[PDB]
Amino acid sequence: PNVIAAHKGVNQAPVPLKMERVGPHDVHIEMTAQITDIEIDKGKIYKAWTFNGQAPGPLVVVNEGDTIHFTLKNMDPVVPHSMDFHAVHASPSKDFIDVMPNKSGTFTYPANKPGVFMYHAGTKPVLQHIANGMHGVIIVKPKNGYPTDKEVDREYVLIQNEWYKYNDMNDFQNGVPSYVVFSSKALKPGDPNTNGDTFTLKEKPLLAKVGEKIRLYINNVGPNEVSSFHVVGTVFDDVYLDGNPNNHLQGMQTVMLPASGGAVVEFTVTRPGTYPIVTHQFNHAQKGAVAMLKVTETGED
């Protein structure tokens, strides 16, 4: 359950995601694997294993049908890391392979399917890499959109994850989570971009305006728990399981998400006030998994 000697005193500053389109259906993405201290609860630092110094990692957004030319630069001084995108068709033993310390690797694979996909490290033991922070979301936008696109006023991305005792494989396998948390990742400049902690989305709530229809792209990265996702004070008008437009449910109070499962959910906020966003497995909500949406008459705070 200990800290790797070579990580003592290592705290690598966050590095921005690099992404550029190189053709109509081809995108370059470069990420790092790095060791970064994150305050997951007030007064509690976790020396996380991260992509780009965030946990969950940075949001990646591509279009349906894009081929991704992905480079991972491993800045960890001792532990290999790798990348597995749930969005892609790839050979795990050729394309999701380990990149050694202070090396890079480049892999190419297509994102054929629209949706809200988990990404994570694929290095054995996978549980250890996920639990220590190596998870995130890639959104693949559908070529023809969603049937409800014209009704949506505002969009945000939320992610649920757990935290355990530091680097403790016994706890990761057999224990209950110490914290369960939400984070938000920016779809556009100015949106909140946060890490998985117990407090930021309570103290700095997401904003909306009375009468708006909100869309959330959500994924429960786990590693271990399922999620019962609910927004207090509203009902989901439309739900698309895994973000695929064909998996269309209506009028849900709560959306069941497996570990790694995603959804697009849409709902209307009819009155001003503060709306909690929870997992309705309330032991997890009590351990941190409550975010806030503040709805005002103007949409500003």
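Position 1 is the first residue in the sequence shown; the rest follow in order.
158-166 versus 139-147 - greater average Cα B-factor per the deposited record: Stretch with the higher mean C-alpha B-factor: 139-147.
214-222 versus 183-191 - which carries the larger mean C-alpha B factor in the record: Stretch with the higher mean C-alpha B-factor: 183-191.
Candidate set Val79, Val231, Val116, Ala131 [ranked by C-alpha B-factor, highest]: Highest CA B-factor of the listed options: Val79.
B-factor third for the C-alpha atom of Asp95 within its chain: CA B-factor rank for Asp95: middle third.
Third of the chain's Cα B-factor distribution that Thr198 belongs to, per the entry: Lowest third - that is where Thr198 ends up once the chain's C-alpha B-factors are sorted.
Ranked against its chain, the third holding the CA B-factor of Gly53: For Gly53, the deposited C-alpha B-factor lands in the middle third.
Relative C-alpha B-factor of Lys73, binned into the chain's lowest, middle or highest third: Ranked within chain, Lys73 CA B lands in the middle tercile.
B-factor third for the C-alpha atom of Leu293 within its chain: For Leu293, the deposited C-alpha B-factor lands in the middle third.
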